[PDB]
Amino acid sequence: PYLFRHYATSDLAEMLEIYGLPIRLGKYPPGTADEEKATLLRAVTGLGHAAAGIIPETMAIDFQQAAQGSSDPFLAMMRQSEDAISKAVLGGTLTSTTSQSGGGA
Amino acid sequence: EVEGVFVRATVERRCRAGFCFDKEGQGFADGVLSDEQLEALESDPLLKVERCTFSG
Amino acid sequence: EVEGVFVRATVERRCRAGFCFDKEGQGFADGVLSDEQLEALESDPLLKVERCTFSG
Amino acid sequence: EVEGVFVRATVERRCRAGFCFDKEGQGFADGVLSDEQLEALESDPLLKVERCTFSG
Amino acid sequence: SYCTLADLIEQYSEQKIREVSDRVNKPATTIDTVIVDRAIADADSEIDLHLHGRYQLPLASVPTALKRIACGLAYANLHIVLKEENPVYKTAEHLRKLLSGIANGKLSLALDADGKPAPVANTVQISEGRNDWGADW
Amino acid sequence: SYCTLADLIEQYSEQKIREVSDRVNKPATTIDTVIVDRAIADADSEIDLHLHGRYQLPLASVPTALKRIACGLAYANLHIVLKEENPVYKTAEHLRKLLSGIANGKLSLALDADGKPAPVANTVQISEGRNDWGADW
Amino acid sequence: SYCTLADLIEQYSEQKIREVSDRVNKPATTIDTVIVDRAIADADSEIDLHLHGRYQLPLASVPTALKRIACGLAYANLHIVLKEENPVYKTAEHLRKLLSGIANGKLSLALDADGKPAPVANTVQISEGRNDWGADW
Amino acid sequence: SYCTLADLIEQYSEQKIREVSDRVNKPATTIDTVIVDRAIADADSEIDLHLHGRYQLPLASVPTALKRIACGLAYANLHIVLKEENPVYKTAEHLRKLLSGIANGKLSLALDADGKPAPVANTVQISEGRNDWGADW
Amino acid sequence: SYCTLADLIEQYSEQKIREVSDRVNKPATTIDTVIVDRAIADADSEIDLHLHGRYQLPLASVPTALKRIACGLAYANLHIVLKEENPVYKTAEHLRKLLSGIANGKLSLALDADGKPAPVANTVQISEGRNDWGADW
């Protein structure tokens, strides 16, 4: 269960890192020199942070999905592992399946 | 020694020309050559099969 | 004085004609000219690198 | 390709004519041949080791 | 000045330049420098029309392909009357096609002598980039 | 210099080079080296125009196909007047088609003598890759 | 060297090779080996241009179809002037069509003598495959 | 060797083979076996080019349609000069169309004498099939 | 053997078969059985090429339409040189069109004498059908 939780947490952290801006790919026509290639690459690299930009009509930039999903699978795995650990360590009556409130003699 | 023989008059799929018909050829459980052709030729038996020690 | 030298027989990527091969050229940590070509020529070392004071 | 050379201008132990020396950088890492003698030739990098594959 | 009188003479021989440039003497005797200069200037103006959107106008160096194109256009301009099937007209059309291909980003302007040309900053422009909270605070 | 005077002579025989290169003597006697040099330079400039976007300009080696293309274009350039149906013009058009196919990534630039050419780093560019939390911490 | 002088003689008879190769003697007397070598080299360069993206360049063996294609292209290259309706030109065009079909993956490069050619590793590439948790732990 | 000299003689009569094969004697006297062998080899190489992607190369048997196609292509190859409207060229084109139809899976390679040809395992490939929990546990 | 020498004689008269089959005697005297056999075999091979994907190869009976098609193709094969506008060529093309229509499932192979032909099991294949819980348990 520890390894399962570790893998789930690391994967969730990576997916949160990728989340945000989309991946966008620039295309250039034949006869584009290396300096123009570097300029296009820097423009694409900074385009996500930069609201606006201009390119020649002969070029093209396509915004592709980056990472679309949810945290539901990761969190489900973490909860499963944590419940397993709680049951194994302290029993499945008070920690994992908590006994809830309720007083009395 | 070679382990693998079929001596019960058993049927196996041997393909002569455009068709596969009953015949007993290699009939061994070990292979070093003609594996791709043996697969078609060495289709496990249709009928009772019993093995012996040719030791050839 | 120039700070930056590589004198451990160390390998660096120097491109002669259509290929980049081991060679020691500029090998300095300061640049005033040929920066675009130096980048390709001044790829940090592959092997042990140690610096000295040429003071040229 | 060559898995590794481990030369650093130093062999492990090149022993010839009854005397064991350290030079010529003849370090290899592969089981192509002479593995038993490769144990004797190798297995003693007294100095530092630098691996630069020759892609042979 | 992507081409000179020397380039025109070398490409088309001095006799043809003399024949198409001397308009007052029959038969021709000398090459009129003013007419050749105007033709070369017109060729350069057309080439700049084609190249203004991708490179700086006052080029400090002349690429070789630019020299060939300028020579061809200048020779085509030295003809008072030029019909459609004249081969010089076809050569001019091919050179104009090369220029259009360069303008539309299908061909690159080659080396001048050893270094690259100077492209304009048209593609460089981006807004600026607002990325606070990502500066290792 | 993808082709030389020796290549032109070998491909088209010395007589034809003499005939299309000597413009001052009738009949021709010698091959004008300056005219041949200019024609070869123009062919190289056109080829560089076609190849600038995929390979480095100052090629250290000349691929054989490049030699054939340069020879053909240089010979086509040595004709002052070239009509549409002239077979040399058709050969030049075929070679230009080969060059365009190379530029559009449909044909590869072959071996020079034993090693590959040097493609440019146009396709290499990627942002950088941010993958913290995945470095075996 | 996908074809040799022997192959050219066998395919087109020694008389035709002599006629199209001897440029200095009229009538022809001997076959010029240098001209034939250059023509064969040019044919090989074109074929490599067509085949570079699917197979290794320095082929250790010559497939028979490659021999026929090289012979045809070499013979077509030995003609200083080649018109459009010349049947040799049509044969060269058909062979170029075969080469293009091979390049576009519609035709396969046949056996050399008994074994297959050596395709390049262009299609092999995949990332690597991360499949932890599936290794029988 | 999908066809032999006997097949060529039978299909086109010995006189025509002698006429198109004897290049050194005028009038022809004997059939040159080397030239016929090379033509047949070239036809076989083209056919293998067309059939490599669907069947094994070293066929142990020659289908009859393959014999007819090889004979036609070999005869077409024995002509040094072949124009477009020559009927032999049209027959070669029809046979090439048959080959292309076979390659594109529109025609099947017929029986050799009594058995089927040997198709390649290109279509056979599937991953492997993971179906645990379905093995009558 | 979908057609025989008797069928060819009946369809095209014995004189024409003699004229197109006797290649060594001028004027023709006898019908060469070997040449006719080879032509019929080639026609059968082409027909099998067309019919292999829908019916069994070694047909036990010959449908009448198959006889007509085989006779036409065999006669067309007996011509060493066959031009495009020759009516026999047009008849062969029409018969090939009929064969292609049969292959593409637009025409059915008719009765042989009283019974149907034997279609292949290509369409029969289905997985197997898993329908437990529906066997009247």
# chains A, B, ... in the order shown; residues from 1 in each chain; ligands from 1
$ interface_residues --of "chain B" --to "chain H" --cutoff "8 Å" --atoms "only C-alpha atoms" --output "ChimeraX atom specification"
/B:16-19
$ write_last_selection --atoms "N, CA, C and O atoms" --output "PDB file, in the first residue's frame"
ATOM      1  N   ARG B  16       0.746 -30.985 -49.430  1.00  0.00           N
ATOM      2  CA  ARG B  16       1.528 -31.409 -50.586  1.00  0.00           C
ATOM      3  C   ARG B  16       1.562 -30.331 -51.666  1.00  0.00           C
ATOM      4  O   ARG B  16       2.637 -29.844 -52.033  1.00  0.00           O
ATOM      5  N   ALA B  17       0.392 -29.948 -52.186  1.00  0.00           N
ATOM      6  CA  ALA B  17       0.325 -28.909 -53.213  1.00  0.00           C
ATOM      7  C   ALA B  17      -1.073 -28.294 -53.163  1.00  0.00           C
ATOM      8  O   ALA B  17      -2.022 -28.870 -53.703  1.00  0.00           O
ATOM      9  N   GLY B  18      -1.184 -27.132 -52.524  1.00  0.00           N
ATOM     10  CA  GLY B  18      -2.442 -26.422 -52.444  1.00  0.00           C
ATOM     11  C   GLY B  18      -3.464 -27.020 -51.503  1.00  0.00           C
ATOM     12  O   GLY B  18      -4.572 -26.483 -51.401  1.00  0.00           O
ATOM     13  N   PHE B  19      -3.131 -28.105 -50.810  1.00  0.00           N
ATOM     14  CA  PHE B  19      -4.054 -28.740 -49.880  1.00  0.00           C
ATOM     15  C   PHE B  19      -3.248 -29.445 -48.801  1.00  0.00           C
ATOM     16  O   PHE B  19      -2.071 -29.761 -48.986  1.00  0.00           O
TER      17      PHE B  19
END
$ residues_around --residues "range 80-96 of chain H" --least-positions-apart "3" --cutoff "6 Å" --atoms "only C-alpha atoms" --output "number ranges by chain"
G: 12, 87; H: 69, 73, 99; I: 83
$ calpha_fit_and_write --fixed "chain E" --moving "chain H" --output "PDB file with C-alpha atoms, in the first residue's frame"
ATOM      1  CA  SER H   1      22.628  47.817 -56.783  1.00  0.00           C
ATOM      2  CA  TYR H   2      22.364  44.029 -56.919  1.00  0.00           C
ATOM      3  CA  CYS H   3      23.999  43.956 -60.370  1.00  0.00           C
ATOM      4  CA  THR H   4      26.361  46.177 -62.348  1.00  0.00           C
ATOM      5  CA  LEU H   5      27.238  46.800 -65.986  1.00  0.00           C
ATOM      6  CA  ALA H   6      30.067  44.283 -65.636  1.00  0.00           C
ATOM      7  CA  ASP H   7      27.579  41.619 -64.544  1.00  0.00           C
ATOM      8  CA  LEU H   8      25.294  42.364 -67.494  1.00  0.00           C
ATOM      9  CA  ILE H   9      28.196  42.191 -69.948  1.00  0.00           C
ATOM     10  CA  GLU H  10      29.420  38.927 -68.430  1.00  0.00           C
ATOM     11  CA  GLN H  11      25.969  37.315 -68.502  1.00  0.00           C
ATOM     12  CA  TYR H  12      24.830  38.541 -71.941  1.00  0.00           C
ATOM     13  CA  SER H  13      28.097  39.478 -73.691  1.00  0.00           C
ATOM     14  CA  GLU H  14      29.058  43.086 -74.432  1.00  0.00           C
ATOM     15  CA  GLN H  15      27.660  42.981 -77.986  1.00  0.00           C
ATOM     16  CA  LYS H  16      24.072  42.347 -76.879  1.00  0.00           C
ATOM     17  CA  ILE H  17      24.227  45.035 -74.188  1.00  0.00           C
ATOM     18  CA  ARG H  18      25.562  47.474 -76.781  1.00  0.00           C
ATOM     19  CA  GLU H  19      22.813  46.525 -79.237  1.00  0.00           C
ATOM     20  CA  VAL H  20      19.956  46.862 -76.724  1.00  0.00           C
ATOM     21  CA  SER H  21      21.389  49.954 -74.982  1.00  0.00           C
ATOM     22  CA  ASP H  22      22.518  52.235 -77.840  1.00  0.00           C
ATOM     23  CA  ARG H  23      19.348  53.823 -79.220  1.00  0.00           C
ATOM     24  CA  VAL H  24      20.743  56.863 -81.075  1.00  0.00           C
ATOM     25  CA  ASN H  25      23.452  55.281 -83.262  1.00  0.00           C
ATOM     26  CA  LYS H  26      22.621  52.730 -85.965  1.00  0.00           C
ATOM     27  CA  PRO H  27      24.645  50.500 -85.894  1.00  0.00           C
ATOM     28  CA  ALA H  28      25.382  50.751 -82.165  1.00  0.00           C
ATOM     29  CA  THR H  29      28.853  51.859 -81.074  1.00  0.00           C
ATOM     30  CA  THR H  30      28.834  52.394 -77.291  1.00  0.00           C
ATOM     31  CA  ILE H  31      26.884  51.244 -74.246  1.00  0.00           C
ATOM     32  CA  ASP H  32      24.715  53.950 -72.684  1.00  0.00           C
ATOM     33  CA  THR H  33      25.469  53.895 -68.960  1.00  0.00           C
ATOM     34  CA  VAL H  34      22.385  55.925 -67.994  1.00  0.00           C
ATOM     35  CA  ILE H  35      19.956  53.493 -69.637  1.00  0.00           C
ATOM     36  CA  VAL H  36      21.663  50.490 -68.043  1.00  0.00           C
ATOM     37  CA  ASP H  37      21.613  52.227 -64.660  1.00  0.00           C
ATOM     38  CA  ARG H  38      17.883  52.910 -64.951  1.00  0.00           C
ATOM     39  CA  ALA H  39      17.157  49.314 -65.976  1.00  0.00           C
ATOM     40  CA  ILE H  40      19.174  47.966 -63.042  1.00  0.00           C
ATOM     41  CA  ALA H  41      17.417  50.381 -60.685  1.00  0.00           C
ATOM     42  CA  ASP H  42      14.015  49.200 -61.921  1.00  0.00           C
ATOM     43  CA  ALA H  43      15.015  45.564 -61.427  1.00  0.00           C
ATOM     44  CA  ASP H  44      16.188  46.364 -57.897  1.00  0.00           C
ATOM     45  CA  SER H  45      12.926  48.191 -57.176  1.00  0.00           C
ATOM     46  CA  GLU H  46      10.868  45.186 -58.278  1.00  0.00           C
ATOM     47  CA  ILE H  47      13.026  42.829 -56.216  1.00  0.00           C
ATOM     48  CA  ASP H  48      12.619  45.063 -53.158  1.00  0.00           C
ATOM     49  CA  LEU H  49       8.865  45.080 -53.755  1.00  0.00           C
ATOM     50  CA  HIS H  50       9.025  41.297 -53.526  1.00  0.00           C
ATOM     51  CA  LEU H  51      11.446  41.119 -50.564  1.00  0.00           C
ATOM     52  CA  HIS H  52      10.298  43.981 -48.314  1.00  0.00           C
ATOM     53  CA  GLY H  53       8.137  41.830 -46.032  1.00  0.00           C
ATOM     54  CA  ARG H  54      10.806  39.283 -45.046  1.00  0.00           C
ATOM     55  CA  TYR H  55      14.173  41.101 -45.021  1.00  0.00           C
ATOM     56  CA  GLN H  56      15.579  44.564 -44.422  1.00  0.00           C
ATOM     57  CA  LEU H  57      15.509  46.847 -47.456  1.00  0.00           C
ATOM     58  CA  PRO H  58      19.025  48.356 -47.547  1.00  0.00           C
ATOM     59  CA  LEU H  59      20.805  45.011 -47.748  1.00  0.00           C
ATOM     60  CA  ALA H  60      24.473  45.349 -46.838  1.00  0.00           C
ATOM     61  CA  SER H  61      25.338  42.379 -49.085  1.00  0.00           C
ATOM     62  CA  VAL H  62      23.974  40.978 -52.347  1.00  0.00           C
ATOM     63  CA  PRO H  63      23.205  37.224 -52.435  1.00  0.00           C
ATOM     64  CA  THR H  64      24.288  35.502 -55.635  1.00  0.00           C
ATOM     65  CA  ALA H  65      20.768  34.399 -56.575  1.00  0.00           C
ATOM     66  CA  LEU H  66      19.788  38.041 -56.153  1.00  0.00           C
ATOM     67  CA  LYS H  67      22.538  38.981 -58.617  1.00  0.00           C
ATOM     68  CA  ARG H  68      21.236  36.529 -61.218  1.00  0.00           C
ATOM     69  CA  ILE H  69      17.640  37.704 -60.748  1.00  0.00           C
ATOM     70  CA  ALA H  70      18.644  41.363 -61.002  1.00  0.00           C
ATOM     71  CA  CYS H  71      20.680  40.746 -64.157  1.00  0.00           C
ATOM     72  CA  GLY H  72      17.793  38.941 -65.824  1.00  0.00           C
ATOM     73  CA  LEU H  73      15.221  41.576 -64.909  1.00  0.00           C
ATOM     74  CA  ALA H  74      17.547  44.397 -65.972  1.00  0.00           C
ATOM     75  CA  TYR H  75      18.120  42.797 -69.370  1.00  0.00           C
ATOM     76  CA  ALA H  76      14.375  42.296 -69.792  1.00  0.00           C
ATOM     77  CA  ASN H  77      13.863  45.981 -68.955  1.00  0.00           C
ATOM     78  CA  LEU H  78      16.303  47.117 -71.667  1.00  0.00           C
ATOM     79  CA  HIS H  79      13.843  45.980 -74.367  1.00  0.00           C
ATOM     80  CA  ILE H  80      11.486  48.764 -75.441  1.00  0.00           C
ATOM     81  CA  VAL H  81       9.059  46.226 -76.940  1.00  0.00           C
ATOM     82  CA  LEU H  82       8.895  42.726 -75.445  1.00  0.00           C
ATOM     83  CA  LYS H  83       6.441  40.164 -76.786  1.00  0.00           C
ATOM     84  CA  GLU H  84       5.013  37.234 -74.843  1.00  0.00           C
ATOM     85  CA  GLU H  85       6.888  34.462 -76.676  1.00  0.00           C
ATOM     86  CA  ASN H  86      10.264  36.221 -76.556  1.00  0.00           C
ATOM     87  CA  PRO H  87      12.593  33.892 -74.593  1.00  0.00           C
ATOM     88  CA  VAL H  88      13.914  36.840 -72.570  1.00  0.00           C
ATOM     89  CA  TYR H  89      10.347  37.418 -71.390  1.00  0.00           C
ATOM     90  CA  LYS H  90      10.119  33.767 -70.337  1.00  0.00           C
ATOM     91  CA  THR H  91      13.371  34.073 -68.383  1.00  0.00           C
ATOM     92  CA  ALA H  92      12.017  37.184 -66.665  1.00  0.00           C
ATOM     93  CA  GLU H  93       8.830  35.292 -65.785  1.00  0.00           C
ATOM     94  CA  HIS H  94      10.836  32.415 -64.307  1.00  0.00           C
ATOM     95  CA  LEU H  95      12.888  34.840 -62.212  1.00  0.00           C
ATOM     96  CA  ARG H  96       9.699  36.544 -61.016  1.00  0.00           C
ATOM     97  CA  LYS H  97       8.386  33.103 -60.061  1.00  0.00           C
ATOM     98  CA  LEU H  98      11.552  32.549 -58.024  1.00  0.00           C
ATOM     99  CA  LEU H  99      11.022  35.909 -56.314  1.00  0.00           C
ATOM    100  CA  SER H 100       7.394  35.078 -55.515  1.00  0.00           C
ATOM    101  CA  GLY H 101       8.453  31.723 -54.095  1.00  0.00           C
ATOM    102  CA  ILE H 102      10.962  33.508 -51.874  1.00  0.00           C
ATOM    103  CA  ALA H 103       8.318  35.982 -50.698  1.00  0.00           C
ATOM    104  CA  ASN H 104       5.806  33.233 -49.852  1.00  0.00           C
ATOM    105  CA  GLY H 105       8.369  31.462 -47.672  1.00  0.00           C
ATOM    106  CA  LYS H 106       8.926  28.497 -49.994  1.00  0.00           C
ATOM    107  CA  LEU H 107      12.512  29.458 -50.878  1.00  0.00           C
ATOM    108  CA  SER H 108      15.192  30.901 -48.609  1.00  0.00           C
ATOM    109  CA  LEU H 109      17.482  33.782 -49.506  1.00  0.00           C
ATOM    110  CA  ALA H 110      20.887  32.142 -49.755  1.00  0.00           C
ATOM    111  CA  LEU H 111      24.271  33.136 -48.360  1.00  0.00           C
ATOM    112  CA  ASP H 112      25.770  36.415 -49.558  1.00  0.00           C
ATOM    113  CA  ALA H 113      29.453  35.459 -49.370  1.00  0.00           C
ATOM    114  CA  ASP H 114      29.743  33.559 -46.074  1.00  0.00           C
ATOM    115  CA  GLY H 115      27.010  34.873 -43.733  1.00  0.00           C
ATOM    116  CA  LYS H 116      23.236  34.727 -43.694  1.00  0.00           C
ATOM    117  CA  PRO H 117      20.927  37.548 -44.811  1.00  0.00           C
ATOM    118  CA  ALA H 118      19.109  39.703 -42.227  1.00  0.00           C
ATOM    119  CA  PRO H 119      15.454  38.673 -41.802  1.00  0.00           C
ATOM    120  CA  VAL H 120      13.002  41.237 -40.459  1.00  0.00           C
ATOM    121  CA  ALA H 121      11.506  40.968 -36.956  1.00  0.00           C
ATOM    122  CA  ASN H 122       7.974  40.277 -38.219  1.00  0.00           C
ATOM    123  CA  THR H 123       7.711  36.834 -36.594  1.00  0.00           C
ATOM    124  CA  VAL H 124       9.480  37.864 -33.379  1.00  0.00           C
ATOM    125  CA  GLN H 125       6.568  39.807 -31.917  1.00  0.00           C
ATOM    126  CA  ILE H 126       4.855  38.355 -28.860  1.00  0.00           C
ATOM    127  CA  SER H 127       2.912  40.231 -26.194  1.00  0.00           C
ATOM    128  CA  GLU H 128       5.469  40.085 -23.360  1.00  0.00           C
ATOM    129  CA  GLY H 129       4.558  37.185 -21.087  1.00  0.00           C
ATOM    130  CA  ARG H 130       3.104  37.617 -17.603  1.00  0.00           C
ATOM    131  CA  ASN H 131       4.419  34.800 -15.406  1.00  0.00           C
ATOM    132  CA  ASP H 132       4.611  36.143 -11.886  1.00  0.00           C
ATOM    133  CA  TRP H 133       4.497  33.426  -9.203  1.00  0.00           C
ATOM    134  CA  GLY H 134       7.065  31.522 -11.280  1.00  0.00           C
ATOM    135  CA  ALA H 135      10.285  33.410 -10.530  1.00  0.00           C
ATOM    136  CA  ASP H 136      11.670  31.295  -7.658  1.00  0.00           C
ATOM    137  CA  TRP H 137      10.256  33.447  -4.872  1.00  0.00           C
TER     138      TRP H 137
END
$ select_by_dssp --residues "range 32-110 of chain G" --states "alpha helix (DSSP H)" --output "tab-separated table (two decimals) with N, CA and C atoms, in the first residue's frame"
chain	number	residue	atom	x	y	z
G	33	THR	N	35.93	4.97	-70.97
G	33	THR	CA	35.56	4.43	-69.66
G	33	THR	C	35.21	5.54	-68.68
G	34	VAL	N	35.85	6.70	-68.77
G	34	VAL	CA	35.58	7.78	-67.82
G	34	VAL	C	34.15	8.28	-67.97
G	35	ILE	N	33.70	8.47	-69.21
G	35	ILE	CA	32.34	8.97	-69.43
G	35	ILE	C	31.32	7.98	-68.92
G	36	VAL	N	31.53	6.69	-69.20
G	36	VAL	CA	30.61	5.66	-68.73
G	36	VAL	C	30.60	5.63	-67.21
G	37	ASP	N	31.77	5.75	-66.59
G	37	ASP	CA	31.84	5.75	-65.13
G	37	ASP	C	31.06	6.92	-64.56
G	38	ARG	N	31.20	8.11	-65.15
G	38	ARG	CA	30.46	9.26	-64.64
G	38	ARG	C	28.95	9.08	-64.81
G	39	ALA	N	28.53	8.54	-65.96
G	39	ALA	CA	27.10	8.31	-66.16
G	39	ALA	C	26.55	7.32	-65.14
G	40	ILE	N	27.28	6.24	-64.89
G	40	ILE	CA	26.84	5.25	-63.91
G	40	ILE	C	26.80	5.86	-62.52
G	41	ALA	N	27.79	6.69	-62.19
G	41	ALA	CA	27.80	7.35	-60.89
G	41	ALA	C	26.60	8.27	-60.73
G	42	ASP	N	26.24	9.00	-61.78
G	42	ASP	CA	25.08	9.88	-61.71
G	42	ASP	C	23.80	9.07	-61.53
G	43	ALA	N	23.67	7.96	-62.24
G	43	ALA	CA	22.50	7.10	-62.06
G	43	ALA	C	22.42	6.59	-60.63
G	44	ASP	N	23.56	6.16	-60.08
G	44	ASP	CA	23.58	5.68	-58.70
G	44	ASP	C	23.21	6.79	-57.73
G	45	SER	N	23.68	8.01	-57.99
G	45	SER	CA	23.35	9.13	-57.11
G	45	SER	C	21.85	9.41	-57.12
G	46	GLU	N	21.23	9.40	-58.30
G	46	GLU	CA	19.79	9.59	-58.36
G	46	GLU	C	19.05	8.48	-57.63
G	47	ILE	N	19.48	7.24	-57.82
G	47	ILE	CA	18.81	6.12	-57.17
G	47	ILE	C	18.93	6.24	-55.66
G	48	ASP	N	20.11	6.63	-55.17
G	48	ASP	CA	20.29	6.84	-53.73
G	48	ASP	C	19.40	7.97	-53.23
G	49	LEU	N	19.30	9.05	-54.00
G	49	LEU	CA	18.35	10.11	-53.66
G	49	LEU	C	16.97	9.53	-53.43
G	50	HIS	N	16.56	8.59	-54.28
G	50	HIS	CA	15.22	8.02	-54.15
G	50	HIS	C	15.12	7.01	-53.01
G	51	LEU	N	16.21	6.33	-52.66
G	51	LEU	CA	16.17	5.20	-51.73
G	51	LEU	C	16.74	5.51	-50.36
G	64	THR	N	18.57	-6.98	-58.42
G	64	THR	CA	18.54	-7.05	-59.88
G	64	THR	C	17.74	-5.90	-60.49
G	65	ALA	N	16.57	-5.60	-59.91
G	65	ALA	CA	15.80	-4.45	-60.38
G	65	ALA	C	16.63	-3.18	-60.31
G	66	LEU	N	17.45	-3.06	-59.26
G	66	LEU	CA	18.34	-1.91	-59.15
G	66	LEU	C	19.34	-1.89	-60.29
G	67	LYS	N	19.83	-3.06	-60.70
G	67	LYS	CA	20.74	-3.13	-61.84
G	67	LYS	C	20.07	-2.63	-63.11
G	68	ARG	N	18.85	-3.09	-63.37
G	68	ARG	CA	18.14	-2.65	-64.57
G	68	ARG	C	17.91	-1.14	-64.54
G	69	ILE	N	17.47	-0.62	-63.40
G	69	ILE	CA	17.20	0.81	-63.28
G	69	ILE	C	18.48	1.61	-63.50
G	70	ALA	N	19.58	1.17	-62.89
G	70	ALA	CA	20.85	1.88	-63.04
G	70	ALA	C	21.32	1.86	-64.49
G	71	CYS	N	21.19	0.72	-65.16
G	71	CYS	CA	21.60	0.64	-66.56
G	71	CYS	C	20.80	1.61	-67.41
G	72	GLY	N	19.48	1.64	-67.21
G	72	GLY	CA	18.65	2.54	-68.00
G	72	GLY	C	19.00	4.00	-67.76
G	73	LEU	N	19.14	4.39	-66.49
G	73	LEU	CA	19.46	5.78	-66.19
G	73	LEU	C	20.84	6.15	-66.72
G	74	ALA	N	21.81	5.24	-66.61
G	74	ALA	CA	23.14	5.52	-67.11
G	74	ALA	C	23.13	5.72	-68.62
G	75	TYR	N	22.40	4.87	-69.35
G	75	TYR	CA	22.31	5.06	-70.79
G	75	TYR	C	21.64	6.39	-71.13
G	76	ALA	N	20.58	6.74	-70.40
G	76	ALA	CA	19.93	8.02	-70.64
G	76	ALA	C	20.87	9.19	-70.36
G	77	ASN	N	21.79	9.03	-69.41
G	77	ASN	CA	22.72	10.10	-69.08
G	77	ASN	C	23.83	10.25	-70.11
G	87	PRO	N	12.59	7.61	-77.31
G	87	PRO	CA	12.18	6.45	-76.50
G	87	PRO	C	13.07	6.19	-75.30
G	88	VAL	N	14.36	6.51	-75.39
G	88	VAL	CA	15.25	6.34	-74.24
G	88	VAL	C	14.78	7.22	-73.09
G	89	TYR	N	14.31	8.43	-73.41
G	89	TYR	CA	13.77	9.31	-72.37
G	89	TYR	C	12.54	8.69	-71.73
G	90	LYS	N	11.68	8.06	-72.53
G	90	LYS	CA	10.49	7.41	-71.97
G	90	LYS	C	10.88	6.25	-71.06
G	91	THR	N	11.88	5.47	-71.46
G	91	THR	CA	12.35	4.39	-70.59
G	91	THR	C	12.90	4.94	-69.28
G	92	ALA	N	13.66	6.03	-69.35
G	92	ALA	CA	14.16	6.66	-68.13
G	92	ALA	C	13.01	7.12	-67.25
G	93	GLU	N	11.97	7.70	-67.85
G	93	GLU	CA	10.81	8.14	-67.07
G	93	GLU	C	10.11	6.96	-66.40
G	94	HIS	N	9.96	5.85	-67.11
G	94	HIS	CA	9.35	4.67	-66.51
G	94	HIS	C	10.18	4.16	-65.33
G	95	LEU	N	11.50	4.13	-65.49
G	95	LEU	CA	12.35	3.68	-64.39
G	95	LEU	C	12.27	4.62	-63.20
G	96	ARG	N	12.21	5.93	-63.46
G	96	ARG	CA	12.03	6.89	-62.38
G	96	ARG	C	10.69	6.69	-61.68
G	97	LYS	N	9.66	6.34	-62.45
G	97	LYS	CA	8.36	6.02	-61.85
G	97	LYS	C	8.47	4.80	-60.94
G	98	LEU	N	9.22	3.78	-61.38
G	98	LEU	CA	9.45	2.62	-60.52
G	98	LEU	C	10.16	3.02	-59.24
G	99	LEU	N	11.17	3.88	-59.35
G	99	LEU	CA	11.90	4.33	-58.17
G	99	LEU	C	10.98	5.09	-57.22
G	100	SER	N	10.15	5.98	-57.76
G	100	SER	CA	9.22	6.73	-56.92
G	100	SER	C	8.23	5.81	-56.23
G	101	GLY	N	7.73	4.80	-56.95
G	101	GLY	CA	6.86	3.83	-56.33
G	101	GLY	C	7.53	3.08	-55.20
G	102	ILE	N	8.81	2.74	-55.38
G	102	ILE	CA	9.56	2.10	-54.29
G	102	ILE	C	9.66	3.04	-53.10
G	103	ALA	N	9.98	4.31	-53.35
G	103	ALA	CA	10.17	5.25	-52.25
G	103	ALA	C	8.89	5.45	-51.45
$ residues_around --residues "range 25-37 of chain D" --least-positions-apart "2" --cutoff "10 Å" --atoms "only C-alpha atoms" --output "JSON, numbers by chain"
{"D": [2, 3, 4, 5, 6, 7, 8, 9, 10, 11, 12, 13, 14, 22, 23, 39, 40, 41, 42, 43, 44, 45, 49, 51, 53]}
$ atom_distance --atom1 "CA of residue 102 in chain A" --atom2 "CA of residue 81 in chain A"
27.4 Å
$ atom_distance --atom1 "CA of residue 20 in chain A" --atom2 "CA of residue 66 in chain A"
8.0 Å
$ atom_distance --atom1 "CA of residue 29 in chain A" --atom2 "CA of residue 54 in chain A"
16.1 Å
$ decode --residues "range 74-87 of chain I" --atoms "C-alpha atoms" --output "mmCIF file, in the first residue's frame"
data_model
loop_
_atom_site.group_PDB
_atom_site.id
_atom_site.type_symbol
_atom_site.label_atom_id
_atom_site.label_comp_id
_atom_site.auth_asym_id
_atom_site.auth_seq_id
_atom_site.Cartn_x
_atom_site.Cartn_y
_atom_site.Cartn_z
ATOM 1 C CA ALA I 74 -6.699 -18.369 -76.222
ATOM 2 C CA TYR I 75 -7.294 -17.013 -79.720
ATOM 3 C CA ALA I 76 -6.063 -13.587 -78.627
ATOM 4 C CA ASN I 77 -2.929 -15.244 -77.220
ATOM 5 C CA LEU I 78 -2.140 -16.969 -80.538
ATOM 6 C CA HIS I 79 -1.301 -13.583 -82.106
ATOM 7 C CA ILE I 80 2.387 -12.711 -81.779
ATOM 8 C CA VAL I 81 1.646 -9.024 -82.444
ATOM 9 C CA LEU I 82 -1.750 -7.616 -81.441
ATOM 10 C CA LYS I 83 -2.547 -3.944 -81.955
ATOM 11 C CA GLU I 84 -5.067 -1.925 -79.963
ATOM 12 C CA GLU I 85 -7.674 -1.525 -82.720
ATOM 13 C CA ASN I 86 -7.580 -5.181 -83.784
ATOM 14 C CA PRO I 87 -11.130 -6.525 -83.241
#
